[PDB]
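Okay, so here's just one chain, in structure tokens, the form deposited in one PDB entry.
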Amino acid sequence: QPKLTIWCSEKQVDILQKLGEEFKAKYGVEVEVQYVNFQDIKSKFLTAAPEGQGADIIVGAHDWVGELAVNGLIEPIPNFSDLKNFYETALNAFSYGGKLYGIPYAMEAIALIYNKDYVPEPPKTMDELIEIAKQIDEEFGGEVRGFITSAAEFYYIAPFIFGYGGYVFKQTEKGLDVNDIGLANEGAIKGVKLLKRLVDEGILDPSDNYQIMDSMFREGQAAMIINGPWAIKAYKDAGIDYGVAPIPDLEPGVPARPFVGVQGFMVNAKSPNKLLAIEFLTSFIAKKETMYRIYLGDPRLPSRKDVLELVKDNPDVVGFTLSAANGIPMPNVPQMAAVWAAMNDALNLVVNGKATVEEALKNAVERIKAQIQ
């Protein structure tokens, strides 16, 4: 009795069970499908897969790909034509060393979230956002914030840094070059100079952080914020008439490029059944129709362009997904772990007037290059 085991999320079980039944009828292979918590998946896969007890297909975060791939535990996915229908950044997020290592089903990035009671129509550029923030600050006498984001937090400032051509690790045809760090190039400096300008013009406060951004918008005291899909239901429950759009273009023709987190299916490279696993993954799971069902089961930003077309009657999903499509995957390699605190520290120095952008970014990249060695 040849079989495939899949560890998946709770909202995928029924879809994957039915799909596996189709697979069994076409290929004679039984598909056993099991809900496993995201946390339990990475850890149990690392310990079980080396002993031949790993599920044949798992779900997981794109962040795991570098480790899983170098340890030889997940299998490269050969190219197929239907891949043209996936967002480039979803595929890139599941790619390592110039090879694809999974089929993404969901993306996550931040975008412009705005209170329609204060901003009927969202700004198309950052200059327009700034004008609008100003008028809100200077009218409702500082009980309503015109614009809030987490000012000293790298994850929230990234869209400015990357929009202008900043980058963490250079993206090449053979993978991320961890020795080519772009967090202090001209683009990167220009992005953080934008941040600094926001603080200098009194639009952002150096104390601004996530809690303040999130609570003020929920409580009707913020016109425009930059946040992700995870926040929206508490704003919905709180009766905010909110919209979602991409982060305004930095300047004409220069989109903001936020970090993007991606969830995907991966094949066990130790599986005795990996050829059939890859067939199930590429010919069944990866299909437009299946990916659409997956979205209906758990409405996360789709990894496929043709699935977005099918669900775009929701205006939120469009604004978020367009933001994610322009974004940059959080690097899926272990050298990223050192980057966050060095960048958060740099940004902190900038917003509190302690170091110049040029200097804060040069030192952060010095600190990072040193930690990687």
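Residues that one form lacks are left out of the comparison. Numbering starts at 1 and runs along the sequence shown. So that the term is clear: the rigid core is the largest set of C-alpha atoms that superpose within 1.5 Å between two forms.
In this entry, the higher average B-factor at the C-alpha atoms falls on 230-238, of the pair 264-272 and 230-238. In this crystal structure, the stretch out of 250-258 and 115-123 whose C-alpha atoms carry the higher mean B factor is 115-123.
Across the residues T290, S283, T172, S95, the deposited record lists the maximum Cα B factor for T172. Going by the entry's values, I212 shows the largest Cα B-factor out of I157, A188, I212, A106.
The deposited CA B-factor of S43 belongs to the middle third of values across its chain.
When all modelled residues of the chain are sorted by CA temperature factor, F162 is found within the lowest third. The entry lists a Cα temperature factor for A133 that places it in the highest third of the chain's modelled residues.
The deposited CA B-factor of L301 belongs to the lowest third of values across its chain. Compared with the other modelled residues of the chain, the Cα B-factor recorded for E279 ranks in the lowest third.
Unshown form deposited in another entry; subsequent notes refer to it.
For the residues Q135, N209, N85, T125, superposed on the rigid core between the shown form and the other one, a C-alpha shift of 2 angstroms or more shows up only at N85. In comparison with the shown form, the Cα-Cα distance of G165 and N92 increases by at least 3 angstroms in the other form. Whereas the shown form places them at one spacing, the Cα atoms of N92 and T125 lie at least 3 Å farther apart in the other form. In sequence order, the runs of at least 3 consecutive residues whose Cα atoms each shift by 2 Å or more between the shown form and the other one, relative to the superposed core, are 1-106, 262-300, 302-313.
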